[PDB]
Structure formats: C-alpha cells, structure tokens
Amino acid sequence: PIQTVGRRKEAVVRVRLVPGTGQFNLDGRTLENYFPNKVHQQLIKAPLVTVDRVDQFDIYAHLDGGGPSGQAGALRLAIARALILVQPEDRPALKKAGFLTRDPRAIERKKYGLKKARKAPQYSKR
Amino acid sequence: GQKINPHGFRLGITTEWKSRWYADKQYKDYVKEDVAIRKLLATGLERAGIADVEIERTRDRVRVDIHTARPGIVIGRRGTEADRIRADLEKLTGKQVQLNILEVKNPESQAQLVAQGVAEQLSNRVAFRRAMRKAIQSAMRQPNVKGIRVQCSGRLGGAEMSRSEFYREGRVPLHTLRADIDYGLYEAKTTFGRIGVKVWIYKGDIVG
Amino acid sequence: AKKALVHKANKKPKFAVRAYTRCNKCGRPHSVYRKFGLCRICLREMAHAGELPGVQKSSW
Amino acid sequence: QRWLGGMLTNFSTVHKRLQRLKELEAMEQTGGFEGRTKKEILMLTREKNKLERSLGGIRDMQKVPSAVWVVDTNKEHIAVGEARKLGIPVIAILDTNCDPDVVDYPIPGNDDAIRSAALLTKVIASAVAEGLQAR
Amino acid sequence: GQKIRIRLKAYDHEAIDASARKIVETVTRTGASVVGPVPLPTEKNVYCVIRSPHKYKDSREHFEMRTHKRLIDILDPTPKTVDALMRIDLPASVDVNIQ
Amino acid sequence: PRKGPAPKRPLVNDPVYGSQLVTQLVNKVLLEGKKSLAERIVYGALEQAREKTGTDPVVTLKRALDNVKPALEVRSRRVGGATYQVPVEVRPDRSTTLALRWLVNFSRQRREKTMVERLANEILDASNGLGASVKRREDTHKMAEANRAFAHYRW
RNA sequence: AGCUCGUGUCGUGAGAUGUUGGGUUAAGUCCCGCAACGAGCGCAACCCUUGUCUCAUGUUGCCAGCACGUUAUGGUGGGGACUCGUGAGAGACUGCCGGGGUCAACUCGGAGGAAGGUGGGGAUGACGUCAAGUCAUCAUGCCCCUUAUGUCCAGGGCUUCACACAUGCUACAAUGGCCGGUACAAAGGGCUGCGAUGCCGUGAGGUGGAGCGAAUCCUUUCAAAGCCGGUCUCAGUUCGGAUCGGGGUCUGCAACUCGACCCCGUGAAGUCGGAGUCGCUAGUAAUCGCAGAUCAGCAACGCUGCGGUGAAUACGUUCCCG
C-alpha cells in the first residue's frame with residue numbers, strides 16, 4: 001500500500017496510487033468533472049509531464065480545506081512526493097524545476113486597531 | 001502606560017494562578033462569592049502584612065490560605081479574632097472553610113511586605129529617603145535575592161506637586177520571562193491624599 | 001455608581017426587560033461580559049492580578 | 001597583536017579575563033558543544049577567537065611582571081607609561097623620534113627594520129636563556 | 001457487559017495528566033480494562049478588552065481561556081473498581097464526570 | 001528601498017504560449033483579484049486577432065509592442081520652488097511596462113461596449129500602427145526631444 | 001536605540017574617557033584602531049502561533065483493507081495503513097564552498113534542504129517628554145448640599161435642523177444586470193439555549209417536537225467570488241437605490257416622537273468627482289462571504305477574528321514630513 005499527504009495554505013489532500021490506466025478519481029469525479037480549470041489542469045499535469053510517465057497511474061484523492069487553487073496545489077505536491085517515493089531516480093528532476101519546494105505562505109493575522117493586516121485607517125492632519 | 005505588570009506577564013511560564021478551580025454553569029456566583037470573601041478577608045485584617053491570599057473552591061470543599069509576616073496577631077492561643085474571622089466567613093455563606101494561616105520565612109524578601117512597611121514609614125513622619133534606602137539595604141542583606149527596585153509616587157513630603165522617585169540595586173530584568181520577579185503595589189494614606197509604593201524584587205533564575 | 005442605583009439594581013425589576021448588567025465589583029453598566037459579570041476594566045485588572053481560574057494573556 | 005590600554009595598571013580585570021580564559025579552555029577540552037543553544041555556542045567560539053590572538057603571553061604570567069622590553073616606544077607610549085607608574089623598569093630601543101629621558105636602560109638602534117629587530121630580539125632572548133640556565 | 005466513559009477536563013496540563021496517570025494506575029491495581037486517555041479538542045474562548053479607561057480605543061489587550069478535555073473508557077466493569085472509584089482524590093482544577 | 005534595490009520578482013512561464021508577455025498583460029488587466037476571467041478575456045482577444053489577421057499571435061504582439069515601446073521619459077526635479085523637466089532614457093523593461101499599461105488603461109475607452117473586442121481591436125490597431133498607443137508614444141518622444149535642453153543636471 | 005556602573009588613566013576642579021573615528025548591521029549588533037579594560041538596564045533570547053518530519057496515540061474523529069447497509073451517509077461491525085484531535089522530540093544554526101573583503105565583521109552567488117541567512121506574524125514599549133487624558137471604573141485631601149445638589153416615581157430628550165467638518169457603506173454598470181445548474185474554506189457559538197422533519201405561508205413566520213450541557217445534535221452534508229447554459233446592448237438603463245403610499249411579521253407590560261425585518265408601487269440624486277489629500281513593498285492591497293463580543297429585538301454599514309481568489313512597480317536621495 002502507498003498513501004501520500006499534501007498541504008497548501010489550509011488545504012489538506014490525501015492521495016492513493018494504482019499502476020492502472022490514465023484516469024483519476026477526485027472523490028468520485030474525474031480530472032475534468034472536478035477542478036474544471038485548464039490552468040489547474042496543466043498544474044496537476046506538471047509532475048507527470050516532468051517525469052514523462054503520464055497515463056501510467058490512477059490516483060484516488062480525498063480532499064479537505066481550502067479552495068480550488070489551494071487544493072490543486074496540494075494535490076500537485078502530494079502526487080509529486082508520491083512519485084518521488086515510488087521512483088527515487090526522478091528526485092534530481094523536480095528539484096530542478098522546484099516542485100519539491102513546499103510553499104510556506106499563509107494568511108497573515110488581521111491586527112486590531114486597523115482595517116485588515118497592514119491596511120490602516122485614513123489619517124487627517126486636523 | 002509603558003511597563004505592563006510583570007506578574008501578569010509571567011502567568012504562562014514563571015508564575016502560576018493564585019486562584020485555581022473549575023466551573024461551567026455557576027461561574028457568576030462563584031466569582032461574586034470570591035470577590036466578597038477576598039474583600040472581607042483583606043478588610044478584616046490590616047495591621048499585619050498579608051502577602052498572599054489563595055482560594056480553593058471544589059465541589060463542597062472550600063478553603064483559603066493567608067500568608068502573613070507576624071502570625072502572632074493572626075492566630076491566637078485560644079483563637080479570638082480567628083473566631084471573628086470564622087463568624088464573618090460563615091455569615092456570608094462560605095460553608096465549611098479550612099482556613100489555614102501560613103507565614104513567610106524571609107519577610108524582607110517579599111515585595112508586598114516591603115511595600116507595606118515602607119508605606120507606613122513614609123506615611124507617619126519619615127521621608128521617602130531613609131525608609132526606601134533602608135528597605136533596599138535590608139533586601140540586599142539577604143543573599144538569595146539578586147536585585148531590587150523601589151518606586152514611590154504622589155505628593156511626596158507633603159508638597160503640593162507630583163513627584164516620583166525610584167532607586168535600584170542589582171539586576172531587575174523585567175523583559176526576561178523565566179526571571180523570578182516578585183511585584184508588589186501598595187498605597188499609604190495621608191492627609192495629603194495617598195502615596196503609591198511599588199516594589200520589584202528579582203531573586204535568581206529558575207530553569208525546569 | 002450611586003448607592004441608590006446599586007440598590008435598585010440589586011432590587012429585582014418588576015418587568016423582565018427592566019433588568020441590566022450592573023457590573024459586580026464596581027457597578028459600571030457598560031461593557032459587562034456575561035461570562036464573568038464584570039466590567040471590562042475590572043476584568044482586565046483582576047486577570048492581570050492572577051486571581052481568575054483560566055484567564056491568561058493571548059498571543060498568536 | 002595589540003597592547004591593551006591599562007591592562008598592566010589594572011590588575012583586577014586582567015585576572016578576571018584570565019579566569020574566564022581558564023574556565024573556557026577547560027570547557028572546550030571537556031567537550032561541551034551541543035548541550036546548549038547552537039547560536040550560544042557559535043558566539044561562544046567567536047568570543048574564544050576574539051580573546052585569544054591578543055592573549056598569548058598573559059595566559060602564563062602568574063607572578064606579575066618585573067621587566068618590560070619595548071620596541072618602538074613611540075608606538076608603545078602607553079605601555080612604558082604604565083610601567084613607569086607601577087615602578088617597573090623599562091628596557092627599550094631608542095629611535096630618533098623617541099625620548100631618551102624616558103627609558104631607564106636605553107639602547108640606540110633602528111626599530112623600523114626587521115633585520116635589526118630580529119637581531120636584537122635574538123640577542124636579548126639569548127641573554128634571558130643564559131639567565132635561566134645560570135638561575 | 002457494560003462499558004463506561006469518563007470525561008476528564010482541566011485548564012492545567014500538569015494536573016490533568018497527573019489525574020489520568022493516577023486513575024490508570026488505580027484501575028491497573030484493581031484489575032479492570034481501560035482503553036486509555038484519548039485526547040480531545042481543546043476549547044478556546046477569546047476576548048478583547050480596552051487597556052485604557054476613558055478613550056484611546058486603538059490600544060487593547062486580548063484574553064484567552066483554554067480547556068483541555070479527554071475521555072477514559074473502561075471495559076469489564078469490575079465491581080471493586082466501582083467501589084474504589086469515587087474515593088480517588090483528584091486535583092482542584094480537574095473535573096471528571098461519568099457517561 | 002532606501003538602502004538598495006530589492007531583488008526582482010520572477011515571472012512564471014506562460015503554459016499555453018511559452019512567452020511571458022501574455023501573462024504580464026493578463027496580470028496587469030487583472031483587477032478585483034480574478035485570474036480566470038482576465039485570462040479568458042485576453043485569450044478571447046488573442047483568438048479574435050488570430051481569426052482577423054491570419055498570423056501567429058506571438059510575433060504580431062511582439063512587433064506591435066516594439067512599435068509602441070517608448071524610448072525616453074521626462075522627469076521632474078524641483079529647485080527653489082520651481083520645477084525642471086529633464087529627459088532620461090528608459091530601460092527596455094519599464095518601456096514595455098509603460099506601453100502595456102497605456103494599452104490596458106486606454107482599452108476602456110473604445111465605444112464598442114465589450115472589453116474582449118476592445119482589446120482585440122486595439123491590439124490590431126497597434127499592430128497596424130494607427131492605435132492611440134502610437135499617439136502617446138509620439139507625444140512622449142515629442143516631449144523628450146523638445147525639452148532636451150534641460151539635462152545639465154545629469155540624471 | 002539608547003540610559004548607567006566597577007577598576008584604571010587624564011585635569012587644580014566641576015568633570016572627562018569608555019559611549020569618539022572608519023566600516024557593517026533592524027539595531028550601543030559586530031569588527032578594526034584608539035587609555036581604556038569589563039559589566040548592568042535596554043536590543044536579541046526564554047513565551048504564543050504558521051510552514052516539515054519522528055514517536056506515543058484511536059473517541060464523538062478517519063476509512064485504506066474486510067462483512068452487513070442499498071441508497072441517507074463510515075451508516076452498522078472492525079482497523080490503524082492516511083489526515084485529524086494532543087503530548088514529547090528533531091530541524092536553520094553563515095552549517096559548507098567561491099568571489100569581494102584589512103584573512104575582519106560583513107555582502108552576494110552556489111550546494112543540500114520545507115524553508116538561507118532574525119523562514120512569517122504576535123507578545124514584550126528603558127531612562128525621558130507633553131502640568132497630555134481619565135475626580136463619570138474605583139479610591140483619594142480640601143471645599144459644597146445635608147431637610148437638600150439627597151432621594152422613588154410617570155411622560156419627554158440625548159434621533160430636534162437653513163448649515164460645516166470627519167469616518168464609513170452603497171452607486172454612476174457590460175471586467176456588468178437579471179434567470180437555472182454546478183463544487184471546494186476556516187473559525188466560532190449554543191439551557192428556560194442552538195433548535196432539524198412534517199403541517200400552512202411570496203417571507204419574516206404560527207403548531208409542536210426528535211439531538212445535545214455538548215469532536216455526538218444545530219449553524220443546511222456548512223457561504224460568495226468561481227464555471228457552464230439563456231437573455232439584456234448602452235438609455236437615468238432589466239443601473240442605481242433614496243423619499244413617499246397601502247398592508248404585515250417577530251420581540252417587548254408597553255413599537256407615534258424612536259426597534260428590526262416582509263409584500264406591492266412611482267422611482268430622486270448620481271455620468272468617474274476642482275484646489276487638495278489618504279492606505280499600501282507578499283499571500284499585501286483589492287474584492288467576497290462567514291463567525292464572535294455587547295443583545296429579548298436591533299440603528300451593526302461599527303469593532304475583533306477567519307478563510308477564498310489574488311498582480312504592479314521600488315531607477316535612486318534631489319525635494320515634503322517625523
């Protein structure tokens with residue numbers, strides 16, 4: 001058994017792999033039925049295309065937290081780490097494109113006495 | 001308002017809570033009774049130095065511990081004013097009270113006791129000079145402590161003007177959380193109003 | 001608060017809506033949290049005094 | 001490396017620094033390097049390096065000084081002044097810019113040349129070696 | 001035949017852990033089966049207060065209250081465990097109830 | 001920015017065309033924080049250009065921006081309460097930035113009542129050289145060359 | 001980012017030196033040289049949170065793999081293979097290399113790595129200054145009423161209006177307006193409280209009640225922006241919502257002055273706003289919804305938080321301010 005976990009700014013995904021055909025399951029939907037974005041499509045294709053072994057794995061994803069782009073990035077990173085695990089020889093490839101660099105960017109706290117984060121109220125000289 | 005309370009700053013690492021119990025539905029009644037008993041205990045005894053008062057309130061079990069420098073006027077041989085305390089706590093419906101009275105081994109090493117003593121010394125006739133210098137010297141005689149600062153504010157000396165004076169010896173690192181810093185505030189009454197005395201005592205460091 | 005106002009607050013109102021907060025320690029009718037029953041000033045002062053079971057400085 | 005100002009006349013602080021060096025070298029030999037903060041050990045070693053390249057002979061003085069040999073007194077005004085104030089005899093080289101009235105045991109010569117300085121150092125160390133041999 | 005959960009709550013981590021350890025030791029001494037003190041979400045109440053009376057609203061201070069809760073599940077209801085349950089001494093800041 | 005220049009931001013390669021000009025344009029036209037709608041607007045404009053000119057979008061946009069890329073700018077420097085206009089040459093990066101900013105800012109003025117055809121029409125006009133971006137470019141060069149005298153401050 | 005002390009040295013002396021100069025740094029942070037050598041309070045660190053992993057760890061949480069479920073779903077048994085809930089620990093330390101360096105701090109580039117140079121943000125605000133604010137949080141000395149300025153009570157005011165200032169929200173629309181479908185967040189709160197199904201309403205809502213003192217139940221499997229399909233085609237607009245009319249719902253003993261919300265109708269100003277001015281340098285502004293405190297109901301567009309989507313330039317100190 002293989003199971004991998006991905007996280008992206010409050011979105012958490014868990015991916016299971018099968019060596020089956022070139023199709024994906026996202027909580028019961030395919031890659032086009034769910035995440036109907038061409039940009040997200042290329043984003044998720046980027047690991048497999050970089051490793052140049054597309055259409056060789058069937059993934060099953062369980063998703064929580066975040067929105068479209070956050071979960072898309074989380075799935076991308078999770079499947080990238082899963083592929084690195086099953087085939088370590090591709091480790092010096094994704095790092096060349098920086099797909100192993102997890103993104104440590106989140107929502108900055110809204111600070112009291114202000115409007116939001118770094119925004120400030122209007123200042124009047126009189 | 002620049003320096004925050006060091007005691008309240010250190011409630012998460014160094015200093016613990018002086019009133020520990022648990023409640024979910026009856027928080028209002030508990031806190032009302034707690035402030036009532038605290039005020040009654042503070043008012044009933046004033047000639048002695050009450051350094052600390054801790055309250056315990058669990059289920060049917062309620063008890064309180066009072067720390068004083070001179071327990072002789074606090075626990076009688078027969079318990080007369082102790083019985084007065086018992087009557088007062090029973091009037092306000094404090095149920096069973098296991099009121100144990102404790103003492104302090106180094107009364108000169110407590111911020112509250114030093115503050116109180118320098119307060120009456122400044123109030124009666126003595127200038128802030130001699131009283132607070134003597135308090136600092138008495139604290140620095142004891143070797144366990146390492147630093148002290150004493151501040152006084154108000155109409156010092158009876159003058160008609162605000163005044164504030166601070167004297168410091170040793171190290172008083174407020175900005176260190178793991179610093180065993182004891183803080184005490186007191187007010188000395190007078191015909192000119194009130195004089196505030198604030199004592200910081202830094203006594204070594206503690207590491208778990 | 002005037003002692004008469006405090007006693008009238010202690011006196012239970014003759015109508016349901018005629019009741020208000022009347023902070024316990026002092027008697028400041030504004031900004032009285034239902035969790036404590038205290039005014040915000042008194043709550044802050046007592047919490048910084050280390051005499052409340054659970055309260056502490058917030059930071060995150 | 002450099003003559004510290006007033007380290008001779010002030011003997012308490014040099015003793016404190018010598019104790020600090022002794023204890024720090026003892027801990028370094030013992031091997032305490034990862035039982036503290038990593039950054040703490042980093043500037044600990046930095047303090048080691050800073051207080052070692054100017055501390056080469058003071059580490060092994062112990063029994064106070066009695067004679068001071070001075071090269072380029074015009075660059076060593078403070079050292080000679082401290083020795084004079086403390087009563088320590090001063091044996092110094094005289095240059096044309098130096099005051100002969102200051103040195104108790106003046107030795108004319110050139111202090112701007114390595115060869116003359118090397119020769120003078122060698123002869124004076126031969127003198128002190130003979131003194132120890134005949135001691 | 002019957003299993004009992006006990007909810008076990010406190011602000012303080014030290015006292016709650018000590019109570020759990022004592023109860024587990026007592027159960028082991030008595031001879032009954034328990035799953036163990038499984039962790040539960042920690043409730044947090046957050047409040048805001050104004051530092052200064054009479055104006056200067058921008059300066060405030062936040063307060064928290066944290067309650068750590070756990071469950072202890074006991075199987076095989078040994079009668080001696082029930083006999084020795086309520087006599088166990090517990091810390092002041094720790095509250096345990098049965099379910 | 002007082003101490004030194006901040007490091008330049010990287011540009012993510014455009015997945016559909018491979019050149020970053022299109023993603024720069026879509027990032028600039030982006031407003032209210034929506035990448036998808038701006039992307040579809042730019043892509044619709046580019047495909048209208050495809051069907052109207054019959055040539056490759058990359059090269060036509062390239063020489064269009066080259067023909068609308070400014071070369072010099074005018075800067076204000078004040079002394080004694082009175083200002084002076086000095087001409088300074090521009091790095092190509094800010095030149096392309098200003099050209100694209102002009103295009104996007106003035107693409108809200110064409111009176112055909114839809115943004116995607118607005119972009120397609122102005123892109124085609126700049127490709128033909130009759131667009132208003134050419135007019136702003138000529139005005140900027142007129143300002144730069146006419147006031148070439150006041151440059152002795154050397155900035 | 002500054003404020004002091006011990007010893008030493010200088011001056012008859014108050015005093016000075018250290019704390020000056022060059023460089024560097026977020027910094028009195030550090031280096032070099034200098035009669036200074038060192039040490040305290042400040043700074044940094046010990047604290048909270050976010051980003052990775054290891055171990056302990058399975059309920060109310062999850063469901064890989066197995067049986068019962070067939071649509072109502074981990075729902076019912078079971079399980080740690082995965083998040084997760086919560087405890088402990090590892091790890092960012094100029095660690096290594098190369099060029100500039102005074103073989104110095106330091107600066108840039110590279111390697112590994114989740115992060116490269118205080119990773120991101122909170123908490124903490126020194127000595128001092130404004131006779132700054134608060135006798136209306138509380139107490140506090142002096143003066144005042146003391147048969148009253150005390151004091152209970154009914155109605156009315158703090159929302160009055162020809163004006164001016166400040167802070168906000170909604171619009172001047174086609175990057176849009178209206179109609180149906182479609183899928184993913186977080187946090188929080190709940191006892192005379194959250195309150196689901198059915199019953200009848202256009203919608204607030206009237207009937208009554210199952211789950212929960214609460215990882216169990218309710219906030220719809222929790223929203224909007226997003227995407228798809230239909231239409232509107234530039235007008236005071238299928239924009240905009242003000243004022244005004246008729247009829248109601250909820251709470252409250254009591255809704256006119258003076259609560260909120262609902263149905264229907266005419267549909268005012270409003271065309272990107274002069275002199276001038278404001279917030280902002282990475283998950284920031286901008287946009288969108290949700291939650292909480294106070295609250296019976298709310299004037300809330302306010303305040304404190306959460307999450308979604310998310311780019312621009314920074315040449316350089318010449319000028320304006322601290």
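How tilted is helix D:114-133 with respect to the longest principal axis of chain D? Cα atoms for both, answer in degrees (0 to 90, nearest 10).
The answer is roughly 80 degrees.
Have a look at F:96, F:23, F:114 and tell me which one the Gaussian network model of chain F (Cα, springs below 10 Å) gives the largest fluctuation.
Answer for the Gaussian network model of chain F: F:114.
Treating only the Cβ of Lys, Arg, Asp and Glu as charged (+1, +1, -1, -1), what charge dipole size does chain E show about its Cα centre? Round to the nearest 20 debye.
280 debye
Would you mind checking which residues have amide H under 5 Å from residue A:65's amide H? H placed 1.01 Å from N; only 5 or more apart, or other chain.
Excluding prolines and chain starts, which carry no amide H, the hits are A:12.
Given a 10 angstrom Cα cut-off, can you work out which residue in A:95, A:45, A:116 is the most mobile in a GNM of chain A?
Among A:95, A:45, A:116, the largest mean-square fluctuation in the Gaussian network model of chain A belongs to A:116.
Can you find, among A:113, F:98, C:15, the residue sitting farthest towards the positive end of the charge dipole of the protein assembly as shown, where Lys and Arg contribute +1 and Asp and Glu -1 at Cβ?
C:15
Over the stretch B:141-208, what portion of Cα pair distances is larger than 17 Å, expressed as a whole percent?
50 percent
Give the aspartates and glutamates whose C-alpha is closer than 18 Å to that of residue E:55, dropping any in the same chain fewer than 8 places away, or say none.
C:45
Give me a single rounded figure for B:20-33: the average over its residues of other chain Cβ atoms within 10 Å of their Cβ.
Mean partner shielding for this stretch: 5.
Using a Cα-Cα cut-off of under 12 Å, which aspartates and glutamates could be cross-linked to residue F:52, ignoring same-chain neighbours fewer than 8 residues away?
Excluding near neighbours in sequence, the set is F:117, F:125.
Hey, what number do you get for chain B at 222 nm if only DSSP H runs of n ≥ 4 count, each worth -39500 (n - 2.57), divided across all residues, to the nearest 500?
About -9500 deg cm²/dmol.
Could you pull the Cα extents of the protein assembly as shown along its three principal axes, largest to smallest, in whole Å?
In descending order, the Cα extents are 112, 109, 71 Å.
Restricting to DSSP H runs of at least four residues, report the calculated mean residue ellipticity at 222 nm for chain C, -39500 (n - 2.57) per run over all residues, nearest 500 deg cm²/dmol.
Counting only the DSSP helices, I get -7000 deg cm²/dmol.
Count the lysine pairs in the stretch B:16-105 that are 8 or more places apart or on different chains: how many have C-alpha atoms under 28 angstrom apart?
For the stretch B:16-105, qualifying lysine pairs total 17.
Which value results when the Cα radius of gyration for chain B is divided by 2.2 N^0.38 Å?
Cα-based Rg divided by the globular estimate yields 1.12.
Ranked highest first by average number of other Cβ atoms within 10 Å, how do B:105-118, E:31-44 line up?
Top of the packing list down: B:105-118, E:31-44.
Could you order the peptides B:176-188, A:69-81, D:11-23 from most to least packed, using the average number of other C-beta atoms within 10 Å per residue?
A:69-81, B:176-188, D:11-23
Give me the one-decimal nm value for the distance between modelled label points at residue A:58 and residue D:24, 7 Å along each residue's Cα-to-Cβ direction.
6.8 nm
Please work out, to two decimal places, the log10 of the ratio I(q)/I(0) at q = 0.17 Å⁻¹ from a Debye calculation in which every Cα of chain F carries one identical scatterer.
The Debye formula, applied to the Cα set alone, gives -1.05.
So what is the calculated 222 nm ellipticity per residue for chain A, using -39500 (n - 2.57) for each DSSP H run with n of 4 or more, over all residues, to the nearest 500 deg cm²/dmol?
-10000 deg cm²/dmol
Would you count, across chain C, every pair of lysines whose alpha carbons are under 25 angstrom apart, provided the pair is eight or more residues apart or spans two chains?
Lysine pairs meeting the criterion: 21.
Please give the average number of partner chain Cβ atoms lying within 10 Å of the Cβ of each residue in E:53-59, rounded to a whole number.
Per residue, the average neighbour count from other chains is 2.
What whole-number distance in Å separates the alpha-carbon centres of the stretch D:82-122 and the stretch E:33-61?
Taking the Cα centre of the stretch E:33-61 as reference, the centre of the stretch D:82-122 is 75 Å away.
Relative to the first principal axis of the alpha-carbon coordinates of chain F, what is the inclination of helix F:132-146, with its axis defined by its Cα atoms, in degrees from 0 to 90 and to the nearest 10?
Once rounded, the angle reads 10 degrees.
Below 19 Å Cα-Cα, how many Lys pairs turn up in the stretch A:36-126? Only count pairs eight or more apart in sequence, or on different chains, if you could.
For the stretch A:36-126, qualifying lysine pairs total 4.
Would you mind ranking D:66, D:116 by Cβ crowding within 10 Å, fewest neighbours first?
D:66, D:116
Measuring from the lowest to the highest alpha carbon on each principal axis, how far does chain E reach, largest first, in angstroms?
In descending order, the Cα extents are 63, 22, 17 Å.
In whole angstrom, note down how far apart the Cα centers of the stretch F:24-53 and the stretch B:132-170 are.
For the stretch F:24-53 versus the stretch B:132-170, the Cα centre distance is 73 Å.
How far, in degrees from 0 to 90, does helix F:20-29 lean away from the longest principal axis of the Cα atoms of chain F, to the nearest 10?
Approximately 80 degrees, to the nearest ten.
Give me the inter-chain shielding for B:48-55: mean count of other chain Cβ atoms within 10 Å, whole number please.
1
Relative contact order for chain C: what percent, with Cα pairs under 8 Å and sequence separation of 6 or more?
19 percent.
Of D:91, A:44, how do they rank once you tally other Cβ atoms within 10 Å and put the fewest first?
Going from least to most buried by this count: D:91, A:44.
Every number in this text was worked out from the coordinates using simple rules, so none of it is lab data. Positions of Cβ are generated from backbone atoms using ideal geometry, with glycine treated the same way; all protein chains shown enter the neighbour counts.
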